[PDB]
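Here's the structure, in structure tokens; my notes come after.
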Amino acid sequence: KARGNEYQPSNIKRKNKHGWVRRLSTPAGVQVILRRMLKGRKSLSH
Amino acid sequence: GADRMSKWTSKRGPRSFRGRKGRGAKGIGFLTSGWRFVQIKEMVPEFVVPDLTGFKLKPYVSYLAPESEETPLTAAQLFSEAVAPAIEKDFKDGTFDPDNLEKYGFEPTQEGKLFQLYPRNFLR
Amino acid sequence: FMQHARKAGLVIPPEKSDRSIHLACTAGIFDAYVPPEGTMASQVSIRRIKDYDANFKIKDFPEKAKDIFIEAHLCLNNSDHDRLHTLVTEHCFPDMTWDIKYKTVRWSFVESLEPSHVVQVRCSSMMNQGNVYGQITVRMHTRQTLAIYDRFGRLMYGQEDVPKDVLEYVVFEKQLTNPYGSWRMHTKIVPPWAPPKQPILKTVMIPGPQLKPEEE
Amino acid sequence: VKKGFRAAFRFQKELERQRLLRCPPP
Amino acid sequence: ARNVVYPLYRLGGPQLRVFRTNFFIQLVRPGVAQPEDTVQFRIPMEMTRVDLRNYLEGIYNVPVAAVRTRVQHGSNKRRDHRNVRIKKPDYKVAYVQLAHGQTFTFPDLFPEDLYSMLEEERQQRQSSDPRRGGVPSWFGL
Amino acid sequence: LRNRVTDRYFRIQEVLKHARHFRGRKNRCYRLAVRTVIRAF
Amino acid sequence: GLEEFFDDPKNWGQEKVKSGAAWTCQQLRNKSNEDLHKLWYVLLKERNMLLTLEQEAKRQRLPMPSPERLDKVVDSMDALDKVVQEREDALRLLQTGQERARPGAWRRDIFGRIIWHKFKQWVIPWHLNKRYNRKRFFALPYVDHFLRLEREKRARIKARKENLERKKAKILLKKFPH
Amino acid sequence: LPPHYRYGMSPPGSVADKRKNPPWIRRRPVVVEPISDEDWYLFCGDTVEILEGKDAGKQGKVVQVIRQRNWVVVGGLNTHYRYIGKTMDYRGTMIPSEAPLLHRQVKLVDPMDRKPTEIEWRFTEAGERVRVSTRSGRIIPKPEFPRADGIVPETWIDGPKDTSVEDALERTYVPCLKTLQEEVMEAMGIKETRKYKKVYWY
Amino acid sequence: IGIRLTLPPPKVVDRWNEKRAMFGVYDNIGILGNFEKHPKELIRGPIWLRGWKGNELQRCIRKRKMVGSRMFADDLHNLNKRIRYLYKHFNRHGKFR
RNA sequence: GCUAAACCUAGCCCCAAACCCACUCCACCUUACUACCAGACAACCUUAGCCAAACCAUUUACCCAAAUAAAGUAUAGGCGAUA
RNA sequence: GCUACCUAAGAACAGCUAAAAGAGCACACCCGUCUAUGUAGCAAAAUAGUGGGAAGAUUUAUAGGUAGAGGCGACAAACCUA
RNA sequence: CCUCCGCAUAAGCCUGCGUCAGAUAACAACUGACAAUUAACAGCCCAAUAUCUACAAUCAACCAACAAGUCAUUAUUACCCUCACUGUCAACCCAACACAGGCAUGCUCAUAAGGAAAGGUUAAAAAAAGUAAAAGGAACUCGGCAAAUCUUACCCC
Ligand SMILES: [Mg+2]
Ligand SMILES: [Mg+2]
Ligand SMILES: [Mg+2]
Ligand SMILES: [Mg+2]
Ligand SMILES: [Mg+2]
Ligand SMILES: [Mg+2]
Ligand SMILES: [Mg+2]
Ligand SMILES: [Mg+2]
Ligand SMILES: [Mg+2]
Ligand SMILES: [Mg+2]
Ligand SMILES: [Mg+2]
Ligand SMILES: [Mg+2]
Ligand SMILES: [Mg+2]
Ligand SMILES: [Mg+2]
Ligand SMILES: [Mg+2]
Ligand SMILES: [Mg+2]
Ligand SMILES: [Mg+2]
Ligand SMILES: [Mg+2]
Ligand SMILES: [Mg+2]
Ligand SMILES: [Mg+2]
Ligand SMILES: [Mg+2]
Ligand SMILES: [Mg+2]
Ligand SMILES: [Mg+2]
Ligand SMILES: [Mg+2]
Ligand SMILES: [Mg+2]
Ligand SMILES: [Mg+2]
């Protein structure tokens, strides 16, 4: 009906879906953290 | 949405993370048999406190004392000032060899000694 | 004013620095001999002044005092703040130059009925930032004119044509520690028995007590 | 800043002209 | 000790001992009214109640009955001029219930020339009376 | 930027000078004045 | 028992307390070892008293009498720790010949950044545990381009810095005749 | 502190300094001629002659110095005036305030000749350092001055928490070659029969 | 506004300094130096142009051919894109065809 | 008269030369920055497409090792564009 | 982390009829038939009234899975972070 | 005068109307400093080998079924010590907002708890939401839409 309320916060789902470990397990995730430190972003993970 | 810059802490997660995270406190024992915790006097540290009776040293130094140049200690200095007397006197009086070096003071292998040095078990 | 600082939380450490605030004029004065209705201490002060500067004389001091007076007043007329600083103390500068701002001033030295005459000489102690200062008092009796004009150039009081007899006690002081120090005007006596000056042609009122909403 | 000083000179002359027109001397 | 690895222990071995401890503590006056026997301390996050108890019993030689611990959150709500979050350091608090009859109470600490020239000249100064009419009071005429 | 015009002020103020006496925003603004001044000429 | 957390009550309400010079590392070297062990706890008590005092001062919304006292005891304890570290390090280098007193090794992570991986204390070996094997102490080929890019970044930074300082030298040498 | 900081007359950390130079301020920097600390020959308390600028043609004693801006502040020379009283109702009492001076603007002075003489920077035969005068050589000593840490090294008294000089200088060290913890252990007399077992490291 | 109220500082131009008084010297060296050196090797500059004239894409292809191997990845990517755009522009776009 | 307007520094770009990086107090691959236990878990794959050919389907430069010249020649190619 | 579907183990359903119910009236609850307001709105889909179901093919919290040349789909060419 | 709300737990954010000072619909939810939530509550677990485990729930008794259901140990070996660590605040979360929206669970079912529709004045039009209506009672209307009332029968899918 009414949108915008998509993000229902859950910390466990958050860190499992976008955690350091998942990004290090997936080979492409290593490239994610590499591009991110390359650009110089402060938080490499969530 | 969620904040990234704030450092992760036990406060942020659900009950499970709040329990499992830990805030830097180091271990004291273990936990078994229905969340029954048990500490051990062994793992419990023991502060070593001497007596202060007949102790004249004071935390502050008087300005009357003169300046003394730096003397960063080093292995060669310590050996030449401490052990060299014994070595030279035993040389020029009796006889010795690379053996019996534990007499002069030397740990050929660190195991079997309480205070290991590399890796060191003790702290500070 | 420390309660507001406490209540706000602007806590600060005390002023700590090897530097020291150097000045050239002590605040106030040491000794003011009350004028009449109309000694060995001065001699000792003169001896100390001579010890600090052998090239000194009492007989010529009134002439230079008169000169300093007249030139300082001419510098007031002309707004010569630099000369006035050089020849007047920092304690005497404010009371002399505070109220005259936003307006001009006139002063002429017509003549001197009686010659300026020393009254007393005083000397300071060693416990003044490790320095000393010497003071002199001189009675002066002359005739001058004064007329002020405000921002808009209209006369406040006084007349430039008609002089008026005047008698005052000028106080000079000098820093004897430095070589560059010179005598400069510091303060005045303004004794009580002295008469009041001429009032202003304008009339004036004053506000009564501001009755907080309760009769009294 | 827009470099150059010829325009600044031209504008200084304009300004002094305006100043004289505003408070002309006797 | 803080920022120091401990030697790992396995059963049947020596006992860990500290000689030059690094833990520092701060007695503090409380905001909430605690009883007479209670004391409070501000300490790091690494310490614990048992080793703090040994600390007190050994170094300062005071009998200790019980200890509780708490963690306080430094507010990260502050923001600098760059709009960056500023966090105050978190800190642990210890509440020590004393032994039989100590009955401790945090005492009071703070119960009780250029300036000379300044106040001298200030009290020498006289307020310009209104009858003068905003005239300089320096001249005699 | 290596070449930038600095005399825009003057080269437009000549037009505004010729259009000083007009009414409305024409006398003040330029693009409203240019379309009018050339028309006046 | 508890008053040692506070200075002499004579000092209470005083704005400036007397304080002597700090400790010298040379002096601590010259002294014995158990003397240092005792002085450690002495300085501990002093520093605790000072911290309590400054915290109470912040609470009462006032400054502390002698702040330099704090940094004095601080760098004194630092000199003590430094001397003891020097002694134990010289001893280790005499016996074995190790400089850091904590085993480790240069190792290449997944990101290609070579780092001094230090060792933790473990009960079972690395070939039997399962957590340690997941750390994946090696990098893959695709990391080469990213490494090249960080190298390019460092090069640009150094070049900007050196060009900056050259231009500064040039401008002030131009300005001043010399 | 931030880059390109401005070292004004006030020191860092003071209330006036933090009011003048907040964290967010970004003003133009200051250009100064390079002056190596070895080439530096201007210390506080030394007599200095000024011959240009305001109040030119005089000499005096340096109040202090700023090595960053190459400034020297001298007592009562090159002085303007400022009020210090509360301006709310009180007018504000005047006081003279000094201005800084550059090393190229100022020249040192010979004690006996008391004239402006430039300087050479030599090593005396005995070492380790000497500052010498111009054409007619005079050895200029360094001024004497109260350090900030110790108010008086001569008129100093040993407090309770201050240790005596004889006890501070007396040494009791013994190169026993042994560990601190072991030494303290036999000092206590305690013992421990249990032996530390080996553990893995990785 | 673009104009500035105050004048700028005067530009000091020492028309007699080292290189302004030395300018152009050793340029005919090839002509009246018995042809030991040509002026093309005399100039100071990049390696992909020392006595060479050329337009944009010529310079780009030359510098990738010569110093392209030493080039950073991002610079070489931007340069390849540049030569691609310039090729297709000069060859497909414009008048006169 | 206000709102405003003006500044010249920070620094940056292009070249050349030269090869460059990592507390060694603690922590960080489990949910990264978390003192401490039995898993057998490991990578080596043509780039394609837009576009041009006035459609599109074969085809359409993108480097891999001396700058210039030979040479835009020999050649290839819905023998067309083009290479 | 919305949504479509599924997986693991959980929770909710008063009262009145019938007294068996993919039954009825009807709370909570789910949905959204009709009307009006609103349309830069309280709201990037709501408010008020009225309505269908409300022990089931029900509703729902938690974690996991299905990823685009695709998934899912009681095919509306639906849904897959407005 | 309202309460179809409240209280707390969970999930979620993280100090976000507690003390002190300040200037800045109204000027505290804005800034600087100060203090804070104390575990018994809830997380943070189980030595191995082999081995055992046909018989739902529905007050579980009867009857009554079908969609066939949520729970147990045993023999041996080894087994000293002990309660440490972590969350504990708030007027709070997802919707760009102090958003009339959305939100699981236990008790309260009208509240012992929580709240305030009106800034003040006049009572013009038009507009929204209600209330009442003479006689007629669908003749309005595409259509009994809406409102009112409590009502019959028949067709297509
Ligand atoms: Mg959104
Ligand atoms: Mg959901
Ligand atoms: Mg975000
Ligand atoms: Mg707790
Ligand atoms: Mg205008
Ligand atoms: Mg194609
Ligand atoms: Mg569905
Ligand atoms: Mg029912
Ligand atoms: Mg039904
Ligand atoms: Mg409908
Ligand atoms: Mg209807
Ligand atoms: Mg129904
Ligand atoms: Mg139904
Ligand atoms: Mg269909
Ligand atoms: Mg269709
Ligand atoms: Mg419990
Ligand atoms: Mg609570
Ligand atoms: Mg909902
Ligand atoms: Mg109430
Ligand atoms: Mg209201
Ligand atoms: Mg109204
Ligand atoms: Mg009717
Ligand atoms: Mg009908
Ligand atoms: Mg009709
Ligand atoms: Mg009809
Ligand atoms: Mg009809």
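Labels used: A, B, ... for chains in the order of the structure tokens, numbers from 1 for residues in each chain, and numbers from 1 for ligands as shown.
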Review point. Which chains and residue numbers are within 10 Å of ligand 18, counting only C-alpha atoms (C1' of nucleotides) and all ligand atoms, if I want them as a PyMOL selection string?
Key: (chain K and resi 30+60) or (chain L and resi 101-103)
Could those residues be written to a file, using N, CA and C atoms (P, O5', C5', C4', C3', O3' and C1' of nucleotides), as a PDB file, in the first residue's frame?
ATOM      1  P     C K  30      -3.947  -6.221  11.324  1.00  0.00           P
ATOM      2  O5'   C K  30      -4.339  -7.111  10.064  1.00  0.00           O
ATOM      3  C5'   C K  30      -3.515  -8.194   9.662  1.00  0.00           C
ATOM      4  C4'   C K  30      -4.085  -8.920   8.469  1.00  0.00           C
ATOM      5  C3'   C K  30      -4.436  -8.063   7.264  1.00  0.00           C
ATOM      6  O3'   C K  30      -3.319  -7.759   6.449  1.00  0.00           O
ATOM      7  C1'   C K  30      -6.222  -9.530   7.730  1.00  0.00           C
ATOM      8  P     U K  60       0.150 -11.807   7.052  1.00  0.00           P
ATOM      9  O5'   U K  60       0.944 -11.909   8.425  1.00  0.00           O
ATOM     10  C5'   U K  60       0.749 -10.943   9.445  1.00  0.00           C
ATOM     11  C4'   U K  60       1.525 -11.289  10.689  1.00  0.00           C
ATOM     12  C3'   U K  60       3.002 -11.560  10.485  1.00  0.00           C
ATOM     13  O3'   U K  60       3.776 -10.380  10.370  1.00  0.00           O
ATOM     14  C1'   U K  60       2.079 -13.233  11.869  1.00  0.00           C
TER      15        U K  60
ATOM     16  P     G L 101      -2.001   7.407  12.486  1.00  0.00           P
ATOM     17  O5'   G L 101      -1.338   6.965  11.109  1.00  0.00           O
ATOM     18  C5'   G L 101      -2.134   6.759   9.953  1.00  0.00           C
ATOM     19  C4'   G L 101      -1.333   6.141   8.840  1.00  0.00           C
ATOM     20  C3'   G L 101      -0.706   4.792   9.156  1.00  0.00           C
ATOM     21  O3'   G L 101      -1.592   3.706   8.952  1.00  0.00           O
ATOM     22  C1'   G L 101       0.946   6.225   8.296  1.00  0.00           C
ATOM     23  P     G L 102      -1.701   2.535  10.045  1.00  0.00           P
ATOM     24  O5'   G L 102      -0.331   1.742   9.896  1.00  0.00           O
ATOM     25  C5'   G L 102      -0.021   1.056   8.696  1.00  0.00           C
ATOM     26  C4'   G L 102       1.296   0.331   8.797  1.00  0.00           C
ATOM     27  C3'   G L 102       1.481  -0.538  10.030  1.00  0.00           C
ATOM     28  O3'   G L 102       0.880  -1.815   9.900  1.00  0.00           O
ATOM     29  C1'   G L 102       3.382   0.826   9.743  1.00  0.00           C
ATOM     30  P     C L 103       0.262  -2.554  11.186  1.00  0.00           P
ATOM     31  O5'   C L 103       1.535  -2.889  12.077  1.00  0.00           O
ATOM     32  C5'   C L 103       2.541  -3.758  11.588  1.00  0.00           C
ATOM     33  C4'   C L 103       3.741  -3.799  12.500  1.00  0.00           C
ATOM     34  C3'   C L 103       3.478  -4.162  13.950  1.00  0.00           C
ATOM     35  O3'   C L 103       3.303  -5.546  14.167  1.00  0.00           O
ATOM     36  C1'   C L 103       4.890  -2.289  13.875  1.00  0.00           C
TER      37        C L 103
END
Point to revise | Expected answer as a ChimeraX atom specification: residues within 12 Å of ligand 25, only C-alpha atoms (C1' of nucleotides) and all ligand atoms | key: /L:138-144
How would the residues just picked look written out with N, CA, C and O atoms (P, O5', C5', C4', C3', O3' and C1' of nucleotides) as a PDB file, in the first residue's frame?
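Saved the output as result.pdb:
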ATOM      1  P     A L 138     -41.759   6.371  -4.140  1.00  0.00           P
ATOM      2  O5'   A L 138     -40.548   6.749  -5.101  1.00  0.00           O
ATOM      3  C5'   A L 138     -40.726   7.674  -6.168  1.00  0.00           C
ATOM      4  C4'   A L 138     -39.478   7.796  -7.006  1.00  0.00           C
ATOM      5  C3'   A L 138     -38.916   6.472  -7.511  1.00  0.00           C
ATOM      6  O3'   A L 138     -38.223   6.674  -8.739  1.00  0.00           O
ATOM      7  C1'   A L 138     -37.339   7.487  -6.105  1.00  0.00           C
ATOM      8  P     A L 139     -39.013   6.641 -10.133  1.00  0.00           P
ATOM      9  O5'   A L 139     -39.820   8.009 -10.140  1.00  0.00           O
ATOM     10  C5'   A L 139     -40.334   8.522 -11.353  1.00  0.00           C
ATOM     11  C4'   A L 139     -40.635   9.995 -11.263  1.00  0.00           C
ATOM     12  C3'   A L 139     -39.452  10.916 -11.033  1.00  0.00           C
ATOM     13  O3'   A L 139     -38.719  11.173 -12.217  1.00  0.00           O
ATOM     14  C1'   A L 139     -41.250  11.549  -9.628  1.00  0.00           C
ATOM     15  P     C L 140     -37.282  10.495 -12.440  1.00  0.00           P
ATOM     16  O5'   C L 140     -36.298  11.429 -11.613  1.00  0.00           O
ATOM     17  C5'   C L 140     -36.462  12.835 -11.642  1.00  0.00           C
ATOM     18  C4'   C L 140     -35.336  13.537 -10.929  1.00  0.00           C
ATOM     19  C3'   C L 140     -33.943  13.240 -11.463  1.00  0.00           C
ATOM     20  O3'   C L 140     -33.596  14.065 -12.558  1.00  0.00           O
ATOM     21  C1'   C L 140     -33.965  12.948  -9.121  1.00  0.00           C
ATOM     22  P     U L 141     -33.194  13.405 -13.961  1.00  0.00           P
ATOM     23  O5'   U L 141     -32.045  12.375 -13.570  1.00  0.00           O
ATOM     24  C5'   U L 141     -30.903  12.819 -12.855  1.00  0.00           C
ATOM     25  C4'   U L 141     -30.180  11.684 -12.179  1.00  0.00           C
ATOM     26  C3'   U L 141     -29.701  10.559 -13.078  1.00  0.00           C
ATOM     27  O3'   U L 141     -28.478  10.857 -13.727  1.00  0.00           O
ATOM     28  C1'   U L 141     -30.767   9.654 -11.171  1.00  0.00           C
ATOM     29  P     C L 142     -28.448  11.183 -15.300  1.00  0.00           P
ATOM     30  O5'   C L 142     -28.082   9.783 -15.963  1.00  0.00           O
ATOM     31  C5'   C L 142     -28.892   9.234 -16.988  1.00  0.00           C
ATOM     32  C4'   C L 142     -28.744   7.735 -17.071  1.00  0.00           C
ATOM     33  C3'   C L 142     -29.248   6.941 -15.879  1.00  0.00           C
ATOM     34  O3'   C L 142     -30.641   6.703 -15.939  1.00  0.00           O
ATOM     35  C1'   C L 142     -27.104   6.160 -16.517  1.00  0.00           C
ATOM     36  P     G L 143     -31.485   6.513 -14.591  1.00  0.00           P
ATOM     37  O5'   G L 143     -30.614   5.499 -13.722  1.00  0.00           O
ATOM     38  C5'   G L 143     -30.609   4.109 -14.013  1.00  0.00           C
ATOM     39  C4'   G L 143     -29.749   3.334 -13.048  1.00  0.00           C
ATOM     40  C3'   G L 143     -30.050   3.517 -11.570  1.00  0.00           C
ATOM     41  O3'   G L 143     -31.139   2.726 -11.127  1.00  0.00           O
ATOM     42  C1'   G L 143     -27.718   3.683 -11.930  1.00  0.00           C
ATOM     43  P     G L 144     -32.380   3.411 -10.373  1.00  0.00           P
ATOM     44  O5'   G L 144     -31.765   3.909  -8.991  1.00  0.00           O
ATOM     45  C5'   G L 144     -31.153   2.982  -8.103  1.00  0.00           C
ATOM     46  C4'   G L 144     -30.620   3.646  -6.858  1.00  0.00           C
ATOM     47  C3'   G L 144     -30.148   2.680  -5.779  1.00  0.00           C
ATOM     48  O3'   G L 144     -29.073   3.256  -5.043  1.00  0.00           O
ATOM     49  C1'   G L 144     -31.955   3.954  -4.954  1.00  0.00           C
TER      50        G L 144
END
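With only C-alpha atoms (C1' of nucleotides) taken into account, the protein and nucleic acid residues at most 9 Å from range 123-134 of chain E (excluding it and anything under 3 positions from it in its own chain) are residues 28, 99, 199, 200, 202, 203, 204, 205 and 206 of chain C; 118, 119, 120 and 137 of chain E.
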Exercise for review: Go through chain I and collect every residue that DSSP, computed from the backbone, puts in alpha helix (DSSP H); the answer should be as an MDAnalysis selection string.
Suggested key: chainID I and resid 18:22 56:67 73:92
Exercise for review: Tell me the residues of chain L close to chain C, meaning within 9 Å using only C-alpha atoms (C1' of nucleotides), as number ranges by chain.
Suggested key: L: 20-22, 32-33
Review point. Ligand 12: which residues are within 10 Å, counting only C-alpha atoms (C1' of nucleotides) and all ligand atoms, as a PyMOL selection string?
Key: chain K and resi 23-26+52-54
What are the residues of chain A lining chain L at 12 Å or less? Count only C-alpha atoms (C1' of nucleotides), and put the answer as a PDB file with N, CA and C atoms, in the first residue's frame.
ATOM      1  N   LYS A   1       0.826  -1.200   0.000  1.00  0.00           N
ATOM      2  CA  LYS A   1       0.000   0.000   0.000  1.00  0.00           C
ATOM      3  C   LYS A   1       0.862   1.253   0.000  1.00  0.00           C
ATOM      4  N   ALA A   2       1.421   1.573   1.161  1.00  0.00           N
ATOM      5  CA  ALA A   2       2.342   2.688   1.311  1.00  0.00           C
ATOM      6  C   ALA A   2       3.769   2.166   1.357  1.00  0.00           C
ATOM      7  N   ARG A   3       4.613   2.698   0.486  1.00  0.00           N
ATOM      8  CA  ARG A   3       5.997   2.285   0.369  1.00  0.00           C
ATOM      9  C   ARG A   3       6.882   3.238   1.167  1.00  0.00           C
ATOM     10  N   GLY A   4       8.198   3.055   1.058  1.00  0.00           N
ATOM     11  CA  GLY A   4       9.170   3.845   1.767  1.00  0.00           C
ATOM     12  C   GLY A   4       9.657   3.198   3.046  1.00  0.00           C
ATOM     13  N   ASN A   5       8.840   2.330   3.638  1.00  0.00           N
ATOM     14  CA  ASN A   5       9.170   1.616   4.863  1.00  0.00           C
ATOM     15  C   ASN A   5       9.825   0.271   4.591  1.00  0.00           C
ATOM     16  N   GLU A   6      10.583   0.164   3.500  1.00  0.00           N
ATOM     17  CA  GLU A   6      11.176  -1.116   3.131  1.00  0.00           C
ATOM     18  C   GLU A   6      12.194  -1.575   4.164  1.00  0.00           C
ATOM     19  N   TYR A   7      13.010  -0.657   4.667  1.00  0.00           N
ATOM     20  CA  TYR A   7      14.118  -1.010   5.548  1.00  0.00           C
ATOM     21  C   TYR A   7      13.587  -1.262   6.950  1.00  0.00           C
ATOM     22  N   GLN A   8      13.406  -2.535   7.287  1.00  0.00           N
ATOM     23  CA  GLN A   8      13.116  -2.938   8.650  1.00  0.00           C
ATOM     24  C   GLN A   8      14.417  -3.378   9.306  1.00  0.00           C
ATOM     25  N   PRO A   9      14.986  -2.603  10.229  1.00  0.00           N
ATOM     26  CA  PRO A   9      16.359  -2.873  10.671  1.00  0.00           C
ATOM     27  C   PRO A   9      16.475  -4.174  11.449  1.00  0.00           C
ATOM     28  N   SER A  10      17.429  -5.004  11.039  1.00  0.00           N
ATOM     29  CA  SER A  10      17.818  -6.198  11.779  1.00  0.00           C
ATOM     30  C   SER A  10      19.331  -6.311  11.709  1.00  0.00           C
ATOM     31  N   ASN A  11      19.994  -6.224  12.861  1.00  0.00           N
ATOM     32  CA  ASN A  11      21.452  -6.176  12.869  1.00  0.00           C
ATOM     33  C   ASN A  11      22.060  -7.492  12.406  1.00  0.00           C
ATOM     34  N   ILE A  12      21.455  -8.617  12.780  1.00  0.00           N
ATOM     35  CA  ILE A  12      22.005  -9.909  12.384  1.00  0.00           C
ATOM     36  C   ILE A  12      21.915 -10.084  10.874  1.00  0.00           C
TER      37      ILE A  12
END
Check your understanding: Which chain E residues are at most 6 Å from chain C (counting only C-alpha atoms), as an MDAnalysis selection string?
Key -> chainID E and resid 117 136 141
Produce a file of the selected residues containing C-alpha atoms, as an mmCIF file, in the first residue's frame.
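This went into selection_38.cif:
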data_model
loop_
_atom_site.group_PDB
_atom_site.id
_atom_site.type_symbol
_atom_site.label_atom_id
_atom_site.label_comp_id
_atom_site.auth_asym_id
_atom_site.auth_seq_id
_atom_site.Cartn_x
_atom_site.Cartn_y
_atom_site.Cartn_z
ATOM 1 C CA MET E 117 47.256 48.829 40.490
ATOM 2 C CA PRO E 136 35.836 66.819 30.887
ATOM 3 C CA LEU E 141 38.568 76.453 34.186
#
Practice item. Report as JSON, numbers by chain which protein, DNA and RNA residues come within 12 Å of ligand 6, using only C-alpha atoms (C1' of nucleotides) and all ligand atoms. Key: {"J": [48, 49, 50, 51, 52, 53, 56, 57, 58, 59, 60]}
Neighbour list for range 138-142 of chain H as an mmCIF file with C-alpha atoms, in the first residue's frame, cut-off 8 Å, only C-alpha atoms (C1' of nucleotides), skip fewer than 6 positions in-chain:
data_model
loop_
_atom_site.group_PDB
_atom_site.id
_atom_site.type_symbol
_atom_site.label_atom_id
_atom_site.label_comp_id
_atom_site.auth_asym_id
_atom_site.auth_seq_id
_atom_site.Cartn_x
_atom_site.Cartn_y
_atom_site.Cartn_z
ATOM 1 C CA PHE H 43 68.441 34.631 22.779
ATOM 2 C CA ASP H 46 70.378 39.844 25.440
ATOM 3 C CA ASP H 110 78.295 44.556 22.604
ATOM 4 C CA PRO H 111 78.284 44.746 26.430
ATOM 5 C CA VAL H 130 81.229 30.877 20.776
ATOM 6 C CA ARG H 131 79.518 33.979 19.400
ATOM 7 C CA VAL H 132 81.989 36.723 18.505
#
Practice item. Could the residues that lie within 12 Å of ligand 8, counting only C-alpha atoms (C1' of nucleotides) and all ligand atoms, be listed as a VMD selection string? Key: chain K and resid 13 to 18 24 to 28 54 to 56
Point to revise | Within 8 Å of ligand 7, counting only C-alpha atoms (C1' of nucleotides) and all ligand atoms, residues as a ChimeraX atom specification | key: /K:4-5,73
Practice item. Rounded to one decimal place, report the CA of residue 41 in chain G-CA of residue 95 in chain E distance in Å. Key: 22.9 Å
